[PDB]
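What follows is input12.tsv (TSV, C-alpha atoms).
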chain	number	residue	atom	x	y	z
A	1	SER	CA	45.84	45.21	13.45
A	2	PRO	CA	43.39	45.56	16.39
A	3	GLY	CA	41.19	48.63	16.02
A	4	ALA	CA	41.79	48.82	12.22
A	5	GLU	CA	39.59	46.04	10.63
A	6	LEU	CA	37.06	48.42	9.01
A	7	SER	CA	37.33	49.71	5.44
A	8	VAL	CA	35.15	51.92	3.34
A	9	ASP	CA	34.20	52.05	-0.34
A	10	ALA	CA	31.32	53.11	-2.55
A	11	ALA	CA	31.44	56.62	-1.05
A	12	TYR	CA	29.72	59.55	-2.83
A	13	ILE	CA	27.03	62.23	-2.57
A	14	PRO	CA	24.42	62.62	-5.31
A	15	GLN	CA	24.16	66.33	-6.10
A	16	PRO	CA	21.20	67.53	-4.04
A	17	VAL	CA	18.30	69.80	-4.96
A	18	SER	CA	18.95	71.76	-1.83
A	19	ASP	CA	21.26	74.51	-0.56
A	20	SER	CA	21.35	73.12	3.01
A	21	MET	CA	21.11	69.34	3.03
A	22	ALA	CA	22.43	66.27	1.16
A	23	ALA	CA	22.58	62.47	1.30
A	24	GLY	CA	25.87	60.60	1.65
A	25	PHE	CA	26.41	56.99	0.62
A	26	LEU	CA	29.22	54.63	1.54
A	27	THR	CA	29.74	51.05	2.54
A	28	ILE	CA	31.61	49.93	5.61
A	29	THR	CA	33.17	46.46	5.57
A	30	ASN	CA	34.19	44.69	8.80
A	31	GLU	CA	36.78	41.93	8.17
A	32	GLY	CA	36.98	41.41	11.97
A	33	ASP	CA	35.59	38.79	14.32
A	34	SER	CA	33.78	41.39	16.46
A	35	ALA	CA	30.79	43.54	15.47
A	36	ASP	CA	31.16	47.27	15.76
A	37	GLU	CA	28.85	50.37	15.78
A	38	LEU	CA	29.11	53.60	13.81
A	39	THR	CA	28.60	56.07	16.61
A	40	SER	CA	29.21	59.47	14.98
A	41	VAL	CA	30.25	61.11	11.78
A	42	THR	CA	31.93	64.51	11.59
A	43	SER	CA	32.62	66.91	8.75
A	44	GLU	CA	33.78	70.54	8.21
A	45	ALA	CA	30.89	70.91	5.75
A	46	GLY	CA	27.98	70.75	8.21
A	47	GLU	CA	26.36	68.35	10.65
A	48	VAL	CA	26.15	64.63	9.74
A	49	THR	CA	23.42	62.32	11.06
A	50	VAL	CA	22.67	58.68	10.39
A	51	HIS	CA	19.29	57.47	9.07
A	52	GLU	CA	17.64	54.07	8.54
A	53	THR	CA	15.12	54.03	5.73
A	54	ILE	CA	11.95	51.88	5.84
A	55	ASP	CA	9.34	52.09	3.03
A	56	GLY	CA	10.67	55.44	1.73
A	57	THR	CA	10.51	56.93	5.25
A	58	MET	CA	13.60	57.73	7.36
A	59	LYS	CA	14.46	57.24	10.99
A	60	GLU	CA	17.41	59.03	12.66
A	61	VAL	CA	19.58	56.78	14.80
A	62	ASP	CA	22.42	57.56	17.17
A	63	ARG	CA	24.19	54.24	16.64
A	64	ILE	CA	24.11	51.64	13.90
A	65	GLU	CA	25.62	48.16	13.78
A	66	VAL	CA	28.50	47.09	11.60
A	67	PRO	CA	28.38	43.30	11.68
A	68	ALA	CA	31.37	41.01	12.14
A	69	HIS	CA	32.50	39.61	8.77
A	70	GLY	CA	29.85	41.77	7.13
A	71	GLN	CA	28.91	45.23	5.83
A	72	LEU	CA	26.89	48.31	6.74
A	73	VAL	CA	25.60	49.84	3.44
A	74	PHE	CA	24.43	53.38	2.97
A	75	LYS	CA	22.85	53.79	-0.51
A	76	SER	CA	19.92	55.21	-2.46
A	77	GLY	CA	16.71	53.65	-1.16
A	78	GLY	CA	18.42	52.26	1.98
A	79	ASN	CA	20.17	53.74	4.99
A	80	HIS	CA	22.00	56.97	4.47
A	81	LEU	CA	24.01	59.71	5.98
A	82	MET	CA	22.39	63.19	5.95
A	83	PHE	CA	24.48	66.34	5.71
A	84	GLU	CA	22.69	69.22	7.46
A	85	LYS	CA	23.33	72.93	7.84
A	86	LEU	CA	25.37	73.04	4.61
A	87	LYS	CA	26.41	76.55	3.54
A	88	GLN	CA	25.54	76.08	-0.13
A	89	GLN	CA	24.42	73.43	-2.60
A	90	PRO	CA	27.34	71.00	-3.04
A	91	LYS	CA	28.06	70.62	-6.73
A	92	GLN	CA	29.59	68.20	-9.16
A	93	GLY	CA	33.35	68.68	-9.05
A	94	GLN	CA	33.42	69.23	-5.33
A	95	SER	CA	34.00	66.72	-2.59
A	96	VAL	CA	33.12	66.55	1.08
A	97	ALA	CA	35.30	64.85	3.69
A	98	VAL	CA	33.95	63.06	6.78
A	99	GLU	CA	35.40	61.19	9.68
A	100	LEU	CA	33.58	58.03	10.74
A	101	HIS	CA	33.78	57.18	14.45
A	102	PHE	CA	33.17	53.75	15.81
A	103	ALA	CA	32.48	52.25	19.18
A	104	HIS	CA	35.36	49.75	19.14
A	105	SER	CA	37.67	50.81	16.28
A	106	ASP	CA	39.85	53.69	15.20
A	107	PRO	CA	38.21	56.38	13.11
A	108	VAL	CA	38.22	56.35	9.38
A	109	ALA	CA	38.41	59.37	7.08
A	110	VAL	CA	36.39	59.22	3.87
A	111	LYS	CA	36.19	61.47	0.81
A	112	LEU	CA	32.77	61.74	-0.84
A	113	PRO	CA	32.78	63.25	-4.29
A	114	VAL	CA	29.61	65.04	-5.42
A	115	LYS	CA	28.10	63.30	-8.46
A	116	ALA	CA	25.14	63.80	-10.91
A	117	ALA	CA	21.73	64.06	-9.16
Encoded form (structure tokens):
Amino acid sequence: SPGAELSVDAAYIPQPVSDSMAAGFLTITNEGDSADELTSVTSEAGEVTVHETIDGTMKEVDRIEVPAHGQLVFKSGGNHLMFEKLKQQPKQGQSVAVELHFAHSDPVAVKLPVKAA
């Protein structure tokens, strides 16, 4: 249905070496005819920001495209989410929930288990 053509998989957090910050990975698939934008991500765990990664350096962005009949991939060595202001090191066995918010679609809740570093 309109506003629900986005789905998520490949969603996890590698256990960080930090008590305050972590990377989140996930892939967003758009089966729709129209491109969308990830415009914010929320979580009870801390603040979530979106980063593009170029040559092992990162760049924070406010908005990022999800192409029509395509994917936006967050993964090791590529773009990623960054959890900030965490209250403790997330650990294997735990999971963190986020809500993805999009310019032109309904939001999407995701569960991100913490995995080996």
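Nearest-residue note for residue 11 in chain A: choosing from A:49, A:76, A:39, A:88, the minimum distance belongs to A:76, counting only C-alpha atoms.
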As an exercise, work out the distance from CA of residue 6 in chain A to CA of residue 112 in chain A in Å and give it to one decimal place.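 Taking CA of residue 6 in chain A and CA of residue 112 in chain A, their separation equals 17.1 Å.
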Counting all atoms listed in the file, figure out which residue out of A:46, A:2, A:32, A:56 gets nearest to residue 89 in chain A.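 Of the candidates, the smallest distance to residue 89 in chain A is held by A:46.
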Restricting the calculation to all atoms listed in the file, which member of A:55, A:44, A:60, A:84 is positioned closest to residue 98 in chain A?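 Smallest separation from residue 98 in chain A among the options: A:44.
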Minimum-distance residue to residue 4 in chain A, chosen among A:34, A:71, A:43, A:95 (using all atoms listed in the file):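 When distances to residue 4 in chain A are compared using all atoms listed in the file, the smallest one comes from A:34.
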Nearest to residue 63 in chain A among A:36, A:9, A:31, A:19, with distances taken over only C-alpha atoms: which residue is it? A:36
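Minimum atom-to-atom distance to residue 92 in chain A, evaluated using all atoms listed in the file, belongs to A:14 out of A:3, A:107, A:14, A:77.
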Listed atoms of range 60-66 of chain A, axis-aligned box, 6 Å per side: centre and edge lengths to one decimal in Å, as lines of an AutoDock Vina configuration file?
center_x = 23.0
center_y = 53.1
center_z = 14.4
size_x = 23.1
size_y = 23.9
size_z = 17.6
Please indicate the distance in Å from CA of residue 29 in chain A to CA of residue 96 in chain A, rounded to one decimal place.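 Between CA of residue 29 in chain A and CA of residue 96 in chain A the gap is 20.6 Å.
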Write out as a PyMOL selection string the residues lying within 12 Å of residue 37 in chain A, counting all atoms listed in the file and excluding same-chain residues fewer than 3 positions away. chain A and resi 6+28-30+34+40-41+50+61-68+71-72+100-107
Could you please take those selected residues and save C-alpha atoms as a PDB file, in the coordinates of the input?
ATOM      1  CA  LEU A   6      37.060  48.420   9.010  1.00  0.00           C
ATOM      2  CA  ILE A  28      31.610  49.930   5.610  1.00  0.00           C
ATOM      3  CA  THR A  29      33.170  46.460   5.570  1.00  0.00           C
ATOM      4  CA  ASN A  30      34.190  44.690   8.800  1.00  0.00           C
ATOM      5  CA  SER A  34      33.780  41.390  16.460  1.00  0.00           C
ATOM      6  CA  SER A  40      29.210  59.470  14.980  1.00  0.00           C
ATOM      7  CA  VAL A  41      30.250  61.110  11.780  1.00  0.00           C
ATOM      8  CA  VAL A  50      22.670  58.680  10.390  1.00  0.00           C
ATOM      9  CA  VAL A  61      19.580  56.780  14.800  1.00  0.00           C
ATOM     10  CA  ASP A  62      22.420  57.560  17.170  1.00  0.00           C
ATOM     11  CA  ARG A  63      24.190  54.240  16.640  1.00  0.00           C
ATOM     12  CA  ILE A  64      24.110  51.640  13.900  1.00  0.00           C
ATOM     13  CA  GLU A  65      25.620  48.160  13.780  1.00  0.00           C
ATOM     14  CA  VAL A  66      28.500  47.090  11.600  1.00  0.00           C
ATOM     15  CA  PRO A  67      28.380  43.300  11.680  1.00  0.00           C
ATOM     16  CA  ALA A  68      31.370  41.010  12.140  1.00  0.00           C
ATOM     17  CA  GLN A  71      28.910  45.230   5.830  1.00  0.00           C
ATOM     18  CA  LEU A  72      26.890  48.310   6.740  1.00  0.00           C
ATOM     19  CA  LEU A 100      33.580  58.030  10.740  1.00  0.00           C
ATOM     20  CA  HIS A 101      33.780  57.180  14.450  1.00  0.00           C
ATOM     21  CA  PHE A 102      33.170  53.750  15.810  1.00  0.00           C
ATOM     22  CA  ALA A 103      32.480  52.250  19.180  1.00  0.00           C
ATOM     23  CA  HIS A 104      35.360  49.750  19.140  1.00  0.00           C
ATOM     24  CA  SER A 105      37.670  50.810  16.280  1.00  0.00           C
ATOM     25  CA  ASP A 106      39.850  53.690  15.200  1.00  0.00           C
ATOM     26  CA  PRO A 107      38.210  56.380  13.110  1.00  0.00           C
TER      27      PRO A 107
END
Pick out the residues sitting within 8 Å of residue 26 in chain A, and hand them over as JSON, numbers by chain; count all atoms listed in the file, and ignore anything fewer than 6 positions along from it in its own chain. {"A": [8, 9, 10, 11, 12, 73, 74, 75]}
Could you give me, as a list in words, the residues within 7 Å of residue 13 in chain A, counting all atoms listed in the file and dropping anything in the same chain fewer than 2 positions from it?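 Listed by chain and then number, they are residues 15, 23, 24, 25, 112, 113, 114 and 115 of chain A.
Separating CA of residue 87 in chain A from CA of residue 22 in chain A is a distance of 11.3 Å.
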